[PDB]
Structures are given as C-alpha cells and as structure tokens.
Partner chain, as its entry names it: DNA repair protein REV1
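In the form solved without its partner chain, a lone chain appears below as structure tokens.
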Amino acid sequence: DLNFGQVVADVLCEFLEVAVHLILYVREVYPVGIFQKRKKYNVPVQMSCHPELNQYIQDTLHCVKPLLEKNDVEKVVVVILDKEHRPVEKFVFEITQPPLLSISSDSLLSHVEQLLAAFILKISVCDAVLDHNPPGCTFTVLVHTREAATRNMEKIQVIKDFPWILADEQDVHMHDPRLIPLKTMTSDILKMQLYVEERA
C-alpha cells in the first residue's frame, strides 16, 4: 500500500514553497527585511514573514499539489517580471516522477531531502552567476501540465477565491534566452532539474 504519489506531491510542494521564498530573497524581488532565516533540509534558508505574501505562495502551491500527485506537471516556473510586466528571468523546475516500483527502504524521505538540499544550496549561490535584476520587479508562477492546460483548469482551482487562468504568451516567452543550469537529480521517486532562463 502507501500512496507514493501523495508522498512525492508532499515532498515537492514543501520544497517548492521553500525554493520560491529563497528565490524572492536571493533575487531581491522583495526587500531583504521581510525575510527571516530558517533551516530546511539542514540548509540555512530565508522565509518571508509578510502574511499576505505567505498566503499567496501557500495558496499557489496547494493548487499545484493535486496535479503533482497525478504526475500531470512537467514544469513549475517562478517568473520574475520587470516593471513593464515582461519576463526578465525564469527559474524552471522540470519534474518527472518515475513509476514507483523498486522502492528502497533505506530512509527514502531522508535521501530525497538530501537531493533537494543540493537545489537549495544552488539557489543560495546563484546571485554570483546571474546578472542583477533591474529595479521594480515582481513575480508570478507558471504551471506547465503534461496534458492540455485547459483539461486541468477544474483540477487546479483547489482554493476558494484563488482562480487560475491560461497564461498569455508574453507572460512566458523569452526570446533567445541564455540558459544557466543549476542542478539535476534522480531518485526512485522523482527526477528534477533546475535551470534559469536569463535575457541575452
């Protein structure tokens, strides 16, 4: 028994929430002052203490959770938008969940969190390999589904008063971006790779 789809959805959702907070801190999408240092996967991280920001991120990922359970997510993207609401930088989390079959009883949840820790560490240092963002940026989150992203509209709208829409091309497309790899992992339960798309 045991619902590993739900186990992966859980682990992934917790990691993505921490990684979204860290991206906002490390790229200065919001002032350093709203963040508090915490530890996740035994890595020093930074979480926002602003209540409305925290609820927005929570709501966003709670909506993604049932899609990750079903493995209907190809990519989760944190898009950083400039003051004209155009994408200047994208943190792309590409995801695949292998058929869960040869499960390994040697502390699986402990092993996956060590794998995820390496992603947090890479985000923590990525300011040194990226150009600084211009002032006045905001962010959004994009969810790329494996099926047509209109079958999944009923399934993603999990949270009262938190509707989703189809993204517009201008919210997504960066022309000829520079790709900066950050980290790749593989495990019995999940494979992931993280890279940044930057303006060329």
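Between two forms, the rigid core is the largest collection of C-alphas that superpose within 1.5 Å. Numbering follows the first chain given and starts at 1. Residues that one form lacks are left out of the comparison.
Colleague: Tell whether, across the other compared PDB entries, at least a third have no coordinates for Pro87.
Modeller: Residue status for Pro87: no gap in any other entry.
Colleague: Among the other entries of this protein that were compared (only those with both neighbours built), does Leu115 lack coordinates in at least a third?
Modeller: No, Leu115 has coordinates in all the other entries compared.
Colleague: Name the higher of the two by mean Cα B-factor in the PDB entry, 60 to 68 versus 22 to 30.
Modeller: Higher mean C-alpha B-factor: 60 to 68.
Colleague: On average, which has the higher Cα B-factor in the deposited entry, 98 to 106 or 113 to 121?
Modeller: Higher of the two, by average CA B-factor, is 98 to 106.
Colleague: Report the option among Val45, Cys49, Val172, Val141 whose CA atom has the maximum B-factor in the deposited record.
Modeller: Max CA B-factor in the entry, restricted to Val45, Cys49, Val172, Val141: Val172.
Colleague: Tell me which of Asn133, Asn54, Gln36, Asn152 tops the list for C-alpha B factor in the record.
Modeller: If I rank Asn133, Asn54, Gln36, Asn152 by C-alpha B-factor, first place goes to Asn152.
Colleague: What third of its chain, lowest, middle or highest, does the C-alpha temperature factor of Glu198 fall into?
Modeller: It belongs to the middle third of the chain when residues are ordered by C-alpha B-factor.
Colleague: Divide the modelled residues of the chain into thirds by Cα B-factor and specify which third, lowest, middle or highest, holds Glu17.
Modeller: Lowest third of the chain for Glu17's C-alpha B-factor.
Colleague: Where does the C-alpha B-factor of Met185 rank in its chain, lowest, middle or highest third?
Modeller: Answer is highest: the recorded C-alpha B-factor places it there.
There is another form of this protein, the form solved in complex with its partner chain, and it is not shown here; the text below is about that form.
Colleague: Within 4.5 Å, heavy atoms only: does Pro44 come near its partner chain in the entry with it bound?
Modeller: Close contact is absent here: in the entry with it bound, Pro44 is far from its partner chain, nothing within 4.5 Å, heavy atoms only.
Colleague: I'd like to check something about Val26: if you look in the entry with it bound, is any of its heavy atoms closer than or equal to 4.5 Å to a heavy atom of its partner chain?
Modeller: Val26: no contact with its partner chain in the entry with it bound.
Colleague: What residues in 139 to 161 sit within 4.5 Å of its partner chain in the entry with it bound, counting heavy atoms only?
Modeller: Contacting residues: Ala148, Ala149, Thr150, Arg151, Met153, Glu154, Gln157, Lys160, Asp161.
Colleague: Any idea which of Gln36, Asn42, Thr150, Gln55 has its C-alpha shifted 2 Å or more between the shown form and the other one with the rigid core fixed?
Modeller: That would be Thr150.
Colleague: Residue runs between the shown form and the other one with every C-alpha shifted 2 Å or more, at least 3 long, rigid core fitted, in sequence order please.
Modeller: CA shift runs, sequence order: 2 to 4, 103 to 106, 149 to 151.
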